[PDB]
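**Student:**
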Amino acid sequence: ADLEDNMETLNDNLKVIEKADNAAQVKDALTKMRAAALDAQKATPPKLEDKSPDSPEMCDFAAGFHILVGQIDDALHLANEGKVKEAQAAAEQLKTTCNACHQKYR
Ligand code: HEM
Ligand SMILES: CC(=O)Nc1cc2cccnc2c2ncccc12
Ligand code: NI
Ligand code: NI
């Protein structure tokens, strides 16, 4: 999928988690988000069109998603243990990683 799709996926399922009622729904949402983040990590964003894959920006862009997956994994651990409310808390905290990347490269 392309960068925009992956970000829609990211956005939707974060809402799904905010709304969500029980553990299984949160776990499902995060798993889709995981997939998306990993896919987005492959894409070259428009603002980095002309930069070499080796460039600090490209590397820092890729690194952004490595952080994000790391955090989704944190939330999945919780969701997995059925700790729904703090799974949601973990998911909230993702938002800072999203905005941080958006300020640089969106
Ligand atoms: C879970 C946290 C995140 C959320 C909720 C999120 C949400 C969004 C949304 C709503 C858009 C607008 C899409 C559009 O214009 O069609 C977007 C775009 C974008 N996001 Fe994220 N995002 C997240 C994480 C990240 C991270 C970590 C990065 C960098 C590593 C990133 C990089 C970008 C870029 C470069 C765009 C521009 C879209 C384009 O020009 O095609 N996002 N994101
Ligand atoms: C250090 C780093 O960020 N490398 C790369 C970062 C990348 C970020 C978006 C898309 N592709 C890459 C990429 N592709 C091939 C080889 C390396 C990279
Ligand atoms: Ni793709
Ligand atoms: Ni690449």
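Position 15 of the sequence shown, counting from 1, maps to 15 under mature numbering (1 follows the signal peptide of the UniProt record, and there is no 0), and the rest follow consecutively.
Every residue gets a Cβ at the ideal spot worked out from N, C-alpha and C, and that includes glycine.
1. Among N22, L38, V16, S55, which one has its Cα closest to the Cα of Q71?
2. Among residues of its own chain, excluding the 5 on either side of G64, which ones have a beta-carbon nearer than 6 Å to its beta-carbon?
3. What number of angstroms, rounded off, separates the C-alpha of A40 from the C-alpha of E18?
4. Just the C-alpha distance for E57 and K32, rounded to the nearest angstrom, thanks.
5. Is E8 helix, strand or coil by DSSP?
6. How close, in whole Å, do the beta carbons of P45 and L14 come, if the pair is a contact with beta carbons under 8 Å?
**Tutor:** By the coordinates alone:
1. Among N22, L38, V16, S55, the Cα nearest to that of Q71 is on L38.
2. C101
3. 22 Å
4. 26 Å
5. Here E8 sits in helix by DSSP.
6. So it is not a contact: roughly 19 Å between Cβ atoms.
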